[PDB]
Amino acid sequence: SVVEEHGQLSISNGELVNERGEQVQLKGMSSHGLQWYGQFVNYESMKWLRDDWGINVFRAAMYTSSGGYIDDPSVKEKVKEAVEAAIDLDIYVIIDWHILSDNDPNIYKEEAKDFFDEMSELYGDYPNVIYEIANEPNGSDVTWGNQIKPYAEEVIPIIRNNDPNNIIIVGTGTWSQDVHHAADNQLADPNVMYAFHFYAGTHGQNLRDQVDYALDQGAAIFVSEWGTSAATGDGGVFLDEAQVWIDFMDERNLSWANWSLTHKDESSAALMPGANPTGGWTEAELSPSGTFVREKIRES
């Protein structure tokens, strides 16, 4: 129903819109690393998330390093499984080239170009797909102008040769927080968005003001990863600040994906240790984070 109703997504005046030009807001879940917690990514779990939580997007977090794609490229097949499930379930799907320790997206740019050629060839004639080409650039030596924008200007053409206008999300500096610099030096492609990531353990008032600065430059922002936890993914749950961010995102029409769908013993994890990887979770099988996130998406 979601994809049939909204169809082809695009950016209009800095806003995500559907094929009739109306604003749309995606809310859903990210997987954790597919090399670690891929068992939670399947048609049945995604269907449960769609039906019981109300998700309209799912993010497939394919780590590149940390035992991910570069080390063992078999994980690309799990991305394909996720994309195919999203197609079958009529929801949107984010294909996330999940850089992190490999902090400069240029390190594996050749592999990224090949991977996005393949994905865009396979899936470029579906409206479901959103390409996220570099999760979290980070480090003081990785800047928008010198590293990230030129990387994007190599990968985006590869995608566009196969898929002229599905959305592309481009990471920003400082773990996808530095939307200020990106917004001042935007990419040419009209269907690009910049990633902004937050963690509710961080006091967020200035970060909200920076997102607003970026929006005021006409940049589109997708909050492709956020957590209820500290920036490590752990250390407590911070629901008061999470709610402030939830309300902010609704006011600004910002789409989002929560980190993450796993049973790992960390505060950002949505599931408790015994949760079935194919869905059907009772209240006792959701963590405090998962319970909150499910409520937010159901309310929506």
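Here, rigid core means the biggest group of C-alpha atoms that superpose within 1.5 Å across both forms. A residue's number is simply how far along the shown sequence it sits, counting from 1.
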| item | value |
| --- | --- |
| Core-aligned Cα RMS comparison in 8 other deposited structures of this protein - stretch that moves more, 231-239 or 247-255 | 231-239 |
| Residue stretch of maximal mean CA temperature factor, 40-48 vs 66-74 | 66-74 |
| Selected stretch [higher average CA B-factor]: 280-288 or 20-28 | 280-288 |
| Given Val57, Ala275, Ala61, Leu261, the residue at which the Cα B factor reaches its maximum | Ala275 |
| Relative C-alpha B-factor of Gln243, binned into the chain's lowest, middle or highest third | highest |
| CA B-factor ranking of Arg208, expressed as a third of its chain | middle |
| CA B-factor placement of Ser140, once the chain's modelled residues are sorted into thirds | highest |
| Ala270 by Cα B-factor - lowest, middle or highest third of the modelled chain | middle |
| Position of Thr174 among the chain's modelled residues by C-alpha B-factor, lowest, middle or highest third | middle |
